[PDB]
Amino acid sequence: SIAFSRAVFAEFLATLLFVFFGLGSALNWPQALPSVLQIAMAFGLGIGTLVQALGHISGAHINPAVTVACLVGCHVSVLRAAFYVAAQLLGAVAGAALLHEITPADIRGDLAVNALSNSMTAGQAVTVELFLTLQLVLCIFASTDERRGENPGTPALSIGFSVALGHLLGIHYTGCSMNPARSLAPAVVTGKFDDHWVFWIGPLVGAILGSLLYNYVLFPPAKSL
Amino acid sequence: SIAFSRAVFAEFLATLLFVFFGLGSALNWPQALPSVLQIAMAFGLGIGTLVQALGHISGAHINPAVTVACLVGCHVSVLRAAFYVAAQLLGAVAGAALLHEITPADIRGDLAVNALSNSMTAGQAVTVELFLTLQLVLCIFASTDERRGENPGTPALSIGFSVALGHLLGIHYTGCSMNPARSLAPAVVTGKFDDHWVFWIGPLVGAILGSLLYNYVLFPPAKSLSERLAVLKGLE
Amino acid sequence: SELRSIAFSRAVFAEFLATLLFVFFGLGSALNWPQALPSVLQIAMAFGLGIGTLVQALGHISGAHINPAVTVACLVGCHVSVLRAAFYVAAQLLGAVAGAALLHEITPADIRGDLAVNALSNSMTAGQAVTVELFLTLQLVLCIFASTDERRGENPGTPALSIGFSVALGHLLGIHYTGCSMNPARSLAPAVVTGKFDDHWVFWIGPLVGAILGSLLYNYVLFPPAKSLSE
Amino acid sequence: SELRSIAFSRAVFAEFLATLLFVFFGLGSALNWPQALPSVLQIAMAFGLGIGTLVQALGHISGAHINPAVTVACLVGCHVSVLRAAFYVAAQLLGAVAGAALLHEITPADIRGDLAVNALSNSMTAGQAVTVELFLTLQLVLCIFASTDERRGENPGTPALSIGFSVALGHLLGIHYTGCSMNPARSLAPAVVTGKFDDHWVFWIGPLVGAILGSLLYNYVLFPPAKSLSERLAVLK
């Protein structure tokens, strides 16, 4: 009962720092405009760092889509999955509120909300988020698959660079959600909810798709009883 | 029987995502033009992520030149190599078509086709593509060599950064093909095939040179008794 | 013992040399070079790969703290004697000032400029900046403590790269606010060399509180030594 | 004997081929500035990932020195023989010049320019520039020796990445002063081809001294090899 409390708190604190660091690095600084790579690196090294410190303790989901994917694959429980999703949403909003307080009334701007950019249709954007989240779930599972043992190597860095890869592309299209908590956090704080469902339907479908493809298509288990 | 089907499917899906993520990051130029480093990182972390996710299930070739190199020292049969190459070509075109469908209308432009740049000669570009793929194949052979030391496991990041290294140079000339599928995918969708042979002869020759140099010159692998037989029977 | 004595001397010398090279490389790469002004990512990579390289090269000799805040976090957390912590902090402060003085005598007077001093930026306030420095150093110690946690024996992992990228992560954000300190020696070094002590306490109070918070959170909240023999 | 052995031939050839590919890729990615001038980070990454890739691919065959300074550092740290060290230095110098001549041929005359020669920049003094190169190569040799230290447990690829990121780190600083050499072969290769030898000694004394300094500090001061058996027994009880 105590280990479970530590895991839910860790998921909360992890999502707090990820959203706090991610958005804060994505704000429009006029003296040094953030590059697609700069933002991608911030989100990328963010997940890699948080996976290293807490991955072995709770799994370092830091993402409701990852938690849902883990719910379809990993022997996680619906109770923990709910407590995790709840912890991620609380940590994210807490990270966005903390950043808002410290960010002045000049940089804040859109507070790096994920927003449909370069017009683009919701169907085209929702399709990207699906493929963006799918590749992350495939990597996370392969990097953490116990059947591989210690053979996968650099788990934190691979997962981290996988998030960065999505961002290196996603920034230009949407912003690279891959995480409903990272999307909801600035939307609640700075009132902006333009097609928010896109950043929810996409990732959730992409995560379940990646989980089913991995756990039951690409590398399924042997037959049970 | 199933494992082979899963492996061929993985090679298809891997090349799809690589081309989808790679080209999409190399075009898209509004008021944020992608830099050489930005593009190199996109292709590099792409392969690295896909080698990590699918390496243990198929080998994550994602490259016909890599599949050809593995035909000499990866224990890959010509049957698997063919099924892999076919899966890579289908995945790439599928990745470019999927990207094409979603592209923001009149944005595609070249669609990040590998193209001769800065008035250089076709011979100079084909020489680069050879060296770009030779160093990659050299790195893949060592990274997948049981005798390379360390502990069991494949370094997906090392392989990924090898692809990125090639882009830091190839981009200035072409786009760092190293992969005939990465070149054909946007060439088929758009229709631009200007000097398409450069993006095929270069990588294939560079890969075979690196594969022969590693398995016969640099670090000749340990032959099994059964493999050593075919050498004696091949002579006789 | 005798060989036990030298080992400690090697550790103190390594902590000195590590902080010297870190400050020398970090500040030198952060200077406003006219032909190529460094970007936030460019600077983040210089400080990031700096710690990662020094942790890789010297971690197995001294622990490669290169930071008084992490040394203090190890006192409450990875419980180390105050003797080593003092010798380490002293070695870091001497190496840092030596690294900033060496760079000064290495850079042309014209390009020297602000010598990459930590300074309040974008008209920020001391209270907001001290809060940022806290969260920046907290995530670094959290990563260090987990990457070097005795309980993480078997597989070596990637502590150097993870810690290195953890420093870079703090720079991708901290640079815009304070230039990212996370280290009282990196802040004091250019302040002593080039007299600029504007809000120096921010670069000291912030990191130290963030490090102790991260050390207490890890050793007492996140993954403590379970007092009960049950597990 | 060590000379007439396949392993020695493979190691000398590996050092040649490694320096060939490193110089070819390194200079070519750092000089190609037509309508897209490379940034300091871009150049640092090219040289960094260059060394990292070659150490991964060839490290197990020859040690992947790719540098006469590194080769000398291993000589000082009692590993490689003086015979092998000489053959390695010769292989590195031959590979480098071959890489620059090949790049010249493939690079259009309009963009070749100075061919990314290592040069004292922003009117730096010979004493200050030689001091930077010293500290640049010193940290690298410290990382290389630790990345190749059998006593340090590591996962596959990380040592090559650590060495790679060490080279990048050097370039992130050295570029502003000298263009970052750390390698006499990387400096000599374009100097012979293009013909610019102004104060070439800075790019040789600096790295050579930095490598020996780092090697002596590591093998004798910081982390010497033969320690004692019974200090571990005294740590126990």
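Residues numbered from 1 in each chain as written, not as in the entry; some residues may be left out. Chains lettered and ligands numbered in written order. Heavy atoms only, no water.

**Quick notes on the state of the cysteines**
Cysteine pairs can be linked by a disulfide, which is a covalent bond between their two sulfur atoms.
Residues and elements named next belong to chain B.
Phase 1: Per the counting criterion, the structure on display carries two disulfides over all chains.
Phase 2: At a sulfur-sulfur separation of 2.0 Å, the disulfide partner of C70 is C74. Judged by the sign of its S-S torsion, about -55 degrees, the bond between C70 and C74 is left-handed.
Phase 3: Looking at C70, the relative accessible area reads 7%, which means it is buried. (Disulfide = S-S within 2.5 Å. Buried < 20%, exposed > 50% of the residue type's maximum accessible area, 1.4 Å probe, protein only.)

**Some words on the interface of chain D and chain B**
Phase 1: Contact with chain D, which involves 39 residues of that partner, is made by 37 residues of chain B.
Phase 2: Taken over both partners, the interface formed by chain D and chain B buries close to 3500 Å², and the fraction arising from carbon and sulfur atoms is 71%.
Phase 3: Where chain D packs against chain B, one counts zero salt bridges.
Phase 4: If you look at where chain D meets chain B, you find 12 residue pairs in polar contact.
Phase 5: Elements supplying a minimum of two residues to the side of chain D that touches chain B: α1 (6-31), α2 (40-62), α4 (82-106) and α7 (158-177) of chain D. (Contact = heavy atoms within 4.5 Å. Buried area = accessible area lost by both parts, 1.4 Å probe. Salt bridge = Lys/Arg side-chain N within 4 Å of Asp/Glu carboxyl O. Polar contact = N/O pair within 3.5 Å; in protein donor to acceptor, adjacent residues only side chain to side chain. Helix = DSSP H or I, 4+ residues; strand = E, 2+ residues; numbered from the N terminus.)

**Notes on unusual backbone geometry**
Phase 1: Look at B:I62: it is not a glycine, yet its phi comes out positive at around 55 degrees.
Phase 2: As for its position among the elements, B:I62 is in the loop between α2 (36-58) and α3 (64-70).
Phase 3: Unusually for a residue other than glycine, D:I66 sits at a positive phi of about 55 degrees.
Phase 4: Within the secondary structure, D:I66 is located in the loop between α2 and α3 (68-76).

**Remarks on the UniProt feature "transmembrane region" in chain A**
Phase 1: The UniProt feature table records "transmembrane region" at residues 7-27, 36-54, 81-102, 123-143, 152-171 and 197-217 of chain A.
Phase 2: A distance of 30 Å separates the end C-alpha atoms of residues 7-27 of chain A, which is 95% helix and 0% strand. (UniProt positions renumbered as here; feature names shortened; annotations may be inferred.)

**Structural notes on α2(D)**
All names here are of chain D.
Phase 1: Spanning 23 residues, α2 covers 30 Å between terminal C-alpha atoms, matching the ideal 33 Å at 1.5 Å per step.
Phase 2: Within α2, the axis deviates most sharply at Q56, by approximately 45 degrees.
Phase 3: When you tally the buried positions in α2, you get 23 out of 23 residues, the bulk of the element.
Phase 4: Phi turns positive one or two residues past the end of α2, at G63, with a value near 100 degrees. (Expected span 1.5 Å × (residues − 1). Bend = angle between axes of the 7 residues up to and from the residue.)

**Some details on the packing of aromatic side chains**
Phase 1: All chains considered together, the criterion is met by 31 aromatic pairs over all chains.
Phase 2: Seen in terms of ring centroids, A:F131 and B:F20 are 5.5 Å apart; in terms of plane orientation they differ by 45 degrees. Their pairing is tilted. You can see A:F131 sitting in helix α5 (residues 122-144) and its partner B:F20 sitting in helix α1 (residues 2-26), one on each of two chains.
Phase 3: On the basis of relative accessibility, which here comes to 2%, the residue B:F20 falls in the buried class.
Phase 4: Seen from their ring centres, C:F8 and C:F87 are 5.3 Å apart, and the 65 degrees between their planes marks the pair as edge-to-face. Remark: C:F87 occurs in helix α4 (residues 82-104) and C:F8 occurs in helix α1 (residues 3-30); sequence separation between them is 79 residues.
Phase 5: Residue classification places C:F87 among the partly exposed positions, given a relative accessible area of 39%.
Phase 6: Each member of the aromatic cluster is reached from another via a ring pair, and the members are A:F161, B:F161, C:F165 and D:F165.
Phase 7: We note B:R147 situated over the ring of B:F219; from NZ or CZ to the ring centre the distance is 3.7 Å.
Phase 8: Directly above the ring of D:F223 sits D:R151, whose terminal nitrogen or CZ lies 4.1 Å from the centroid. (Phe/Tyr/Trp six-rings, centres within 6.5 Å; stacked < 30°, edge-to-face > 60°. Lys NZ or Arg CZ within 6 Å of the ring centre and 35° of its normal.)

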